[PDB]
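In what follows, a single structure is set out as structure tokens and then discussed.
Read from first to last, the chains carry the letters A, B, C, D and E; within each, the first residue is number 1.
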Amino acid sequence: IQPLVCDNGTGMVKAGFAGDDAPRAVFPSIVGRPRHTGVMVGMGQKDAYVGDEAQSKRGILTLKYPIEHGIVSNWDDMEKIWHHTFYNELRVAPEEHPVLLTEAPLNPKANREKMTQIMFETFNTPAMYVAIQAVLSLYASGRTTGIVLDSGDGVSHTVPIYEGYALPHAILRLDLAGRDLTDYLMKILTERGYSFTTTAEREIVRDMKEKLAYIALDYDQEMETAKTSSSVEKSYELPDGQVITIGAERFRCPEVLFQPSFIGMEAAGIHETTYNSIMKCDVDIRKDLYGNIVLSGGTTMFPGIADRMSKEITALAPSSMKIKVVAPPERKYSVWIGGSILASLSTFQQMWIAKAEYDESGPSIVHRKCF
Amino acid sequence: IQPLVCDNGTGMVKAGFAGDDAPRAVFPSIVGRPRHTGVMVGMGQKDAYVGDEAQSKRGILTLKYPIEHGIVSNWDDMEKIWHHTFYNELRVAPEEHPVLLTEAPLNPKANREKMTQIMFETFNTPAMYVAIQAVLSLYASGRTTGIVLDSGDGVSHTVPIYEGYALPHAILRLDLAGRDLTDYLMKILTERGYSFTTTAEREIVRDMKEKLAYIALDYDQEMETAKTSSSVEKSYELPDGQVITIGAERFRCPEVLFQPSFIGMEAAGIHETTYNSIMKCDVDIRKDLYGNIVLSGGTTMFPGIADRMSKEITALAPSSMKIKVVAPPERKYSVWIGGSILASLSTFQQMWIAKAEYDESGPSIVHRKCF
Amino acid sequence: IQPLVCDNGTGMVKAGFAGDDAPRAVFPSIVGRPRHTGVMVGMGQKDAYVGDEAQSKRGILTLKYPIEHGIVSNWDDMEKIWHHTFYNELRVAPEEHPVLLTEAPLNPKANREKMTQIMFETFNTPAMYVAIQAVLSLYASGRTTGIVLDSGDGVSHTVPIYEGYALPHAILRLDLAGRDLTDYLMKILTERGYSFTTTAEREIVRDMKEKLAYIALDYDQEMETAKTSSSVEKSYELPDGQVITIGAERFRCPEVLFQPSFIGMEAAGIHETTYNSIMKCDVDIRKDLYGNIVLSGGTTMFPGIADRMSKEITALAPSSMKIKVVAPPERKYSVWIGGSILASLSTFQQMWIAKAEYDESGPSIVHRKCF
Amino acid sequence: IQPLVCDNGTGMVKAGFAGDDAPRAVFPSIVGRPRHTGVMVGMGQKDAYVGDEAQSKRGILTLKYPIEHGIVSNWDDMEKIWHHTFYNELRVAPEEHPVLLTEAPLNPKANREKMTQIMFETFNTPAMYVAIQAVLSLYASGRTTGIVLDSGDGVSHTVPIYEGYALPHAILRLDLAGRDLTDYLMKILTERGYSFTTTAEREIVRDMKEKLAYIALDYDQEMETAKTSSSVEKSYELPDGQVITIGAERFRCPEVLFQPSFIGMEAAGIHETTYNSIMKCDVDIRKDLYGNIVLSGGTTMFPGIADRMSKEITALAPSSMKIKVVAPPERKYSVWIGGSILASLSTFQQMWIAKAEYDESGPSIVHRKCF
Amino acid sequence: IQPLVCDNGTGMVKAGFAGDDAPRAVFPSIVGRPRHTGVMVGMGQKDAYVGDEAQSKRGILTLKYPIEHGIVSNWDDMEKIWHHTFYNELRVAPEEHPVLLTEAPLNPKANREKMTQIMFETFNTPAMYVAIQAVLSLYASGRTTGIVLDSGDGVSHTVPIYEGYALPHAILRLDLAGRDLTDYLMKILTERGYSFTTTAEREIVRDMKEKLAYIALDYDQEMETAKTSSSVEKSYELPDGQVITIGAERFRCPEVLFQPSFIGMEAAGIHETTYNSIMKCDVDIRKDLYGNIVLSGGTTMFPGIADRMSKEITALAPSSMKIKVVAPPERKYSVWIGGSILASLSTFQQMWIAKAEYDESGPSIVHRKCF
């Protein structure tokens, strides 16, 4: 009876039972299709590889995320990911457990409504609820007032909350996330002389982004130090044994997250995003929001992102307020942990919109906006 | 058996037992309502914040004084303040102690009568009495003849008294008080370039009025000195660390209390108010009223208001009479102290109109006009 | 010798000679800066695009209004707009004609004073005057008593006037204007699934606001009708040929102007703004102000705003007084027409503060407060 | 003093003086080495044949392009091509004229920097500049806004430009070009039964690609017509008198340029390449880029490539925008003509980085990114 | 009902029933014609000797392989080999069993189509299929991912396969095979002084190639050791008792297979062939192809060809990947064994194109490209 907490994130799908501490199913939301063979059912190799099988057969597939910046945009491959999780990764009938789902804020209502329609009509979910990822990360942080800055690979949204009482009029969202960081690493590794153009090469560049790239404090001084051949240069073994010496491109990929004009995404920086979310909030809230700024999402796992977020809000904020950038471990999993917290909550048990209630009112039930 | 002395003032509610020297419950009469969330009982955050809790959650609330210039005008939030005091601030059953209540003079009789009705029928008060604030401040001043000039944030009323023998035909009341001073500080800080429009910003402006504003002697000479950048300029830290340099707006807010045409309240100045209350009194009373003019209420806590009241009555009075402007400390609390004096008085124990007497005669009992 | 009437409005700058009927220069107050190229003077493309040139190059620029809610806040780009008008749009030496300027009421005095300083010291204006926009719109309405309700894209201020005799103590100002309507249309088109985040997309959303949005009578009944797919849905061609079907978002953008809590601007509605400006005025003035309420500014060009202003003041006013909501054509240009009227007036020729008088008294001359 | 414009293209090297209309030196960038004899200096036949001499001795040589997809990858044979041009083809001392050089965009910086090092240190160039081929082709097209789609035998890069103001964040590059078309013609002539495996046979296949292959409109209908023995079949005389009847292989070689999955180059088609370069650009730029799409490079000389580019962007673009595929004559030479235009420009005379300036700053001068 | 598996190889024709382990008919594909007598039917000696009879009468015949590098090029003698097999070697009616046929990849389609036409119209085959030899050798190797390097006497083709999913865009073929090795042994035995010019002498040279020639590790060091008269010299008895001492010509015949420039076949070496077939494949496939490289065909029966293939791919591959050159026994027969595996497969029973289906669709059926 432990309800399912499926973090339906952009990059990877995290899923597991409520009341746990780590998801069982941790695998990327990738559906792979072959590119140099026939789809004959007769010999019948397969047709589609989902997640870790797609990661194994990464070479002969056309890997494509079905979702697009939170918008699902492709229902068939998404549904393939759904039943693949439910019947191969967690191995439970979907009518046995309720399904608590996650999303990015400010989504088009057709996405939430048709996702509810598929969960209720294809899988016959007993009951469900769709929650914002940032409120879940705040509940997993163990506090009541903070700003949760999630940036999960398609989105980068900020949400301020003050002792509960969620503020819908200062939630704001960007598009600069880890996908653009991967594409910028493609555009910047062309300077070294290494061709990266395919989806397998895309996943290799994404792996180099995860394991190799750090973030500096002063970008200009670090560019000054990246003139002599110093310790900023580093090698990396490719899966065919090839070695790439990555020099100044270590720190100049997370520089996009604080200078979005380097890829031409005309928007504010993430520090300016959070500071303007503070400025949209009124006074007497700011003192409790300058001191509990909380990072979340997997793209806050850069080494030194907290001290880059410090000295930069500090330049924007007045210099008499405590700038307490809080970045815990398991920032990848904070949304799932908060979903497991709310799914275990007895007070939350009023919020499970049942399929019976879906047949009672109709598909317009999913925008009642309660907690 | 010590009866309750509840100063039901406009700005803050002062309450405490009789025979004390300071009220236990000192908190503003503010009921706050949320403005960016739902009022769902299920999660059930709260619904209303009263006084100091509203002062803590000042940012996310719509703060609103229920009372209006002495007229209560909103019975539900006022009743919320009543039981919040009686069960959270003083922590006593209201049938255990009698309740001595305060009011501004010349109120509409429905306010006093329905307040008596709520104290007798909702709370089951054993006995009560409603007294004028100025007579209480005179009894706390320790004299028998004087003019008490109370101005408590919605009202500014003057009462002359001569050795007892309260004069109902020279009591006169205005509306110019600290609320209009706060709104004038909003209108005058727009010249500096600081937006103040919300109720949280209203309370911040009220705090600046309390802690920063003094009152001059000659307003024209002080405007003459407020042309060079001199010591009249002063800074102030806001709760988000913002700094406002307040220059000539220090002294030009209490200038409204002696020039009410600056906000368009077409009435007499407070000095002209008191002088005309003297002129409404007959001769052989004036000599004992020019020498015992007593300030009271929290809006007489401006630095130098006594010497501004001097030289100004002196210009109105003939120059052969002692103009003795008396302004003690605890002018905020003088009404409560006089209420504690009368509530301790054995002679006053005839005046406690009981709920039994309320059932004896009816709701018209509250206008017998005795001492 | 025809003096310049420059409507220095928030959205667009209207300017022309006195004694005319329409401004020659009608172009938005926008200074554009490039975002994907170098500012090398050698090839020297340009550096800044002003107004209609910025509107032409809307795609490759960072369009930014220099002004901010009446406050100019950026003197260099504003000065660029000034000399661009004077030397490209009207083509006259600024010392040849006097310059009558417009502003929103309750501005910080540094804005008016430094604007006068730039007009007198950079351009060498012969003489000038700064007038409130609402008094100009009343003079262009051809009446002597009314309430002018201007809402020009950064401000929304109301001014009551009774047979001349301007009342400074009932003029009141808000911040809810067309800029917030554009940002709310961004926040509400995210529900349809159309990304609008850049300044070019901002101007496209502003164009859709001008050409597509109407205003309802009963918002709740119109939301009731916006459940079936009815004629409230409508398409719009984007400059790349894209088509957006706008349904209930037609009428729910001007709903912000009568429900400012939908964006969290905690203030009164525009109807409550005007009604409270009436209540700040005394009786015997109200009968001549309930019958001559005059709309002005470009954001009163919504279809049906007069009948929305009716039935809503009528619910606030007593039901025995004529509620005559007057909304002429050319409400965009009414401030400029009234400026052309006063600039043609021989009686007004005492009010032209010359640069010689600026050197006579000093920069404190601009607050003498005469008509 | 007419500076050298050397189109350093992949296939052939075009070079000539500035201010002309056609290059003097038009010969392929091929260095040939013997394969059935000794390299004895004693008799001393030769050692290497460059370009047209290699084309004459095509049979007994191992013909090899030194460059590789824009990357030079072989400095000695490239330097042989350089001095062979400068001393046999144009016959001028390289210190007499400045050398304007061309390249494909997104090259590894070592290629540009060491090419500058060789031009400055081996040849002692007086001054130089390296320009993108697409900007040169746009300047030779005589317009200011367009998308130049160059595909010169190793690369196929698209560049959007809007009234100057070069956009570095929508330039994107592929590898599918004429080299892969030649290798696909080898792989597809094996079906006819004609062995092509050597570099002489490679050049013969390249000549058949130039002179024989057209491009269809509907590939499926043209495959339908290529079932009956129709006029799509055609003969060709080889240099030994052999005759090959080429049937459906006429049109199915440029089909690779619009179906890159036929050789397994997992990327977008050239139409999808240009359409995604449009989509990377923002709106208000697209209308001026759907109407001025410009082809360039020698591999746009297929018969009917303009009408194949039409009806295919039209299926991708919305059907309300003018799709004006512009394909001039001399698309081979457009880069050289634009180089002759900029090399004649007096405004461009600031951009000639001298060898003196190379000794001033150092070899890092070649990435200042100015026009 | 066991279907025929006829390895239609270049050198010898292997044929036998499915489900066996060795072919019954193992004889060379040679048709012999007399050269010193008349073809009179009257006495009627014979006219043509096929295979082993031609091998017996090797002296008085003009032995000629009908096939040419996979291309059959002579239909009458090939048809003689077909019915000679079917009626003298296996002794079964061809309509009794289906016939699974083998071929080299990239053949001209007329060869496959007319071979199908002869099998269906002359012999009346019930059903058939034509498979690539390398896929058969991989299925006989018992793995799913590898590179099969077949070199059967006319061809030398490499095919990479990854868990099924056959890659048509990295299959590549040469012409250097055992025929050229035999002709090079003719050209190199002229140095010893032994005339070999006839087809009988050709078969004797081929027998010496099979039984006498090994392959070295370092060719230069083995040439260094082939200066003193050492154990590299060896004798051989000819069928007339003649003895040839073969010295350095032992190892210098398979040196052609790794140095194809010694006969002037301008192509890559077999190690460079396989390495470039790896490079044509993408990454994440290479690790499973560097470790399962599989030799096949009879010309991989040289002593030490595995250790020559090692240290040579190892010099080309990076030195951090396992180079596992796998060379089983029965590399001659691996194609036939894999054909017997697929001909026994029940899943493969969809692939038997019947003569009925040949009359259904037509002769274009043989290019449907399924497994």
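Keep this in mind: a residue touches a chain if its C-beta (ideal position, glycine included) is under 8 Å from a C-beta of that chain, and two chains touch if they have at least 3 such contacts.
Asks: What pair in A-B, B-C or A-C shares over half of its contact pairs, by residue number, with C-D?
Replies: It is A-B that reproduces the contact pattern of C-D.
Asks: Tell me which of A-D and A-B has more C-beta pairs in contact.
Replies: A-B
Asks: When the centre of a chain is set as the mean of its C-alpha atoms, what distance in Å lies between chain A and chain E?
Replies: Centre separation, chain A to chain E: 55 Å.
Asks: Could you please state the distance in Å, as a whole number, between where the Cα atoms of chain D are centred and where those of chain E are centred?
Replies: Centre separation, chain D to chain E: 42 Å.
Asks: Can you give the whole-Å distance between the Cα centres of chain C and chain E?
Replies: Centre separation, chain C to chain E: 88 Å.
Asks: If a residue has to touch 2 or more other chains to count, which residues of chain D qualify?
Replies: Answer for chain D, listing residues that touch two or more other chains: 167, 169, 264.
Asks: Mapping chain-to-chain touches, which pattern fits: line, ring, star, complete or other?
Replies: other
Asks: According to the definition already given, which pairs of chains are in contact?
Replies: A-B, A-C, A-D, A-E, B-C, C-D, D-E
Asks: Which stretch or stretches of chain D touch chain A in the complex?
Replies: Listed in rising order, the residues of chain D that touch chain A are 71, 106-110, 167, 169-170, 173-175, 261, 264, 266-267.
Asks: Of all residues in chain A, which touch chain E in the complex?
Replies: Touching chain E from chain A are residues 34, 36-38, 40, 42-45, 57-60, 198, 200-201, 204, 237-243.
Asks: Could you list, by residue number, the parts of chain D that touch chain E in their complex?
Replies: For this pair, the touching residues of chain D are 35-36, 62, 187, 190-193, 195, 197-199, 263-264.
Asks: For the complex, which residues does chain D have touching chain C?
Replies: Of all residues in chain D, those touching chain C are 162-169, 281-287, 317-321, 347-348, 350-351, 369-371.
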